[PDB]
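Each remark here refers to the structure printed beneath this line.
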Amino acid sequence: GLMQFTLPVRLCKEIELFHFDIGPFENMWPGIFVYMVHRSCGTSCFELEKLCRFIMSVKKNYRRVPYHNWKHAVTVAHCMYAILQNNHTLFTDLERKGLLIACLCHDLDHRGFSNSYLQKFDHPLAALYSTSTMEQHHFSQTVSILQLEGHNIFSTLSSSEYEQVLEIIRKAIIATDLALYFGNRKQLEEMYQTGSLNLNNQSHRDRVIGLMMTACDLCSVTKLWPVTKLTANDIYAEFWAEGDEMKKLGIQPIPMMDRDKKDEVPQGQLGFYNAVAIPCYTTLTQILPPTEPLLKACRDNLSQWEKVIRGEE
Ligand SMILES: Cc1nc2ccccc2nc1CCc1nc(-c2ccccc2)cn1C
Ligand SMILES: [Mg+2]
Ligand SMILES: [Zn+2]
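In PDB author numbering, the protein residues as written are 458 to 770.
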């Protein structure tokens, strides 16, 4: 009960900032996450024994892929932690419980391959889940782990509160499908500008949560430039491996996944920042003003990629 997690001074201070990097010490990441649950949610939110056993089952069910790994899950949970802590009163007890867990579980059992590659390979998961293939699997894996003996961290919730939290986590995880992000932000942009956005409307809350999930999922772009640049190597390591597997299926991959076209990465990043990242944090900043530091960091990194192209680095 009176057992709090306490980080070293530098981590205790920097964990509260949006651009925090969780560091290369794998064995500290569970403690970092439990710390965030306790400050964001409360010490009474979860049974410490159940939570610790849930976290270690989640970790085990992430694979040794360059990017879609345990570090990403914890990194995405931290961005959500920083959003929730800067937006104290805007979110319910069930939401702050569910969203940190959703982020931690959002890429469970990822193979480093896209929905597109699973489809063209004709992978069994593509038969089971025709759209948002991996994201339906990520939620399936989340339910499975929650049903392991001694793993149900929501056991003290009522039948109706339990159904509500799993519904938040399902929508939250499905929203990390970037194919769905474009339509969701366009609808949020329309609602904000015409002034019809209403945070008491449950269908509106779902869309805002969904945009928060995209913002946390893409948060690599909101880090200090060295972290952003080095993370980009891991991201393209997965894409190029997928490009290799496309060629093996007798399909030329898109330039993004073709390692022969490494030279075009800097321009590919500008397109992504202008098409996806900058619009995402702009709409999020409009709806939740205290998330402005993500937009600012994202813009700082867009300028850094423009310098790369101009041969200044
Ligand atoms: C998807 C994606 N998601 C990210 C999430 C977080 C951080 C960085 C990310 N970068 C990308 C890749 C962006 C991208 N690269 C190219 C391209 C690269 C070389 C040659 C040709 C094209 C095209 N597009 C769209
Ligand atoms: Mg994913
Ligand atoms: Zn992810």
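The beta carbon of each residue, even a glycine, is placed where N, CA and C say it ideally should be.
Provide the residue span of the alpha helix (DSSP H) that contains residue i, from first to last.
i: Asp715; result: No alpha helix (DSSP H) holds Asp715; DSSP gives it neither H nor E.
i: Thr532; result: 527 to 543
i: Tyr586; result: Careful: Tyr586 lies outside any alpha helix (DSSP H) and carries neither H nor E.
i: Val466; result: 466 to 471
i: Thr671; result: 659 to 674
i: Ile558; result: 550 to 562
i: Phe578; result: 572 to 578
Using 10 angstroms around the beta-carbon of residue i, count the other beta-carbons present and answer buried if the total reaches 16, otherwise exposed.
i: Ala584; result: exposed
i: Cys676; result: buried
i: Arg767; result: exposed
i: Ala636; result: exposed
i: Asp674; result: buried
i: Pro481; result: exposed
i: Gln461; result: exposed
i: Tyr738; result: buried
i: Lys753; result: exposed
i: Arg521; result: exposed
i: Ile708; result: exposed
i: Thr546; result: exposed
i: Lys517; result: exposed
i: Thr588; result: exposed
i: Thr549; result: exposed
i: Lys705; result: exposed
i: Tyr649; result: exposed
i: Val600; result: exposed
i: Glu695; result: buried
i: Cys562; result: buried
i: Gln593; result: buried
i: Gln724; result: exposed
i: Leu459; result: exposed
i: residue 407; result: Within the shown structure, residues of the chain are numbered from 458 to 770, placing residue 407 beyond reach of any answer.
i: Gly652; result: exposed
i: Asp564; result: buried
i: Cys469; result: exposed
i: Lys719; result: exposed
i: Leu687; result: exposed
i: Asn758; result: buried
i: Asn641; result: buried
i: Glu552; result: buried
Across the stretch 534 to 554 and the stretch 470 to 477, are there enough close Cβ pairs to call them in contact, namely three or more that are closer than 8 Å? yes
As an exercise, report each continuous alpha helix (DSSP H) stretch of at least 4 residues that is fully enclosed by the stretch 590 to 644, in chain order. 590 to 603, 616 to 631
Within the stretch 493 to 527, ranges of the alpha helix (DSSP H) (whole runs, at least 4 residues): 505 to 517
Inspect the CB distances between the stretch 647 to 667 and the stretch 724 to 732 and report whether three or more fall short of 8 Å. no
Completely contained alpha helix (DSSP H) runs for the stretch 680 to 762, where each covers 4 or more residues: 682 to 705, 722 to 729, 735 to 744
How do the stretch 697 to 704 and the stretch 602 to 617 stand: do at least 3 beta-carbon pairs fall below 8 Å, yes or no? no
Per the contact definition of three or more C-beta pairs closer than 8 Å, is the stretch 630 to 644 in contact with the stretch 517 to 530? no
Does the pairing of the stretch 712 to 722 with the stretch 635 to 648 give three or more beta-carbon distances under 8 Å? no
Assess, as a yes-or-no matter, whether the stretch 494 to 503 is touched by the stretch 549 to 569 under the definition of 3 or more beta carbon pairs within less than 8 Å. yes
How do the stretch 563 to 579 and the stretch 464 to 471 stand: do at least 3 beta-carbon pairs fall below 8 Å, yes or no? no
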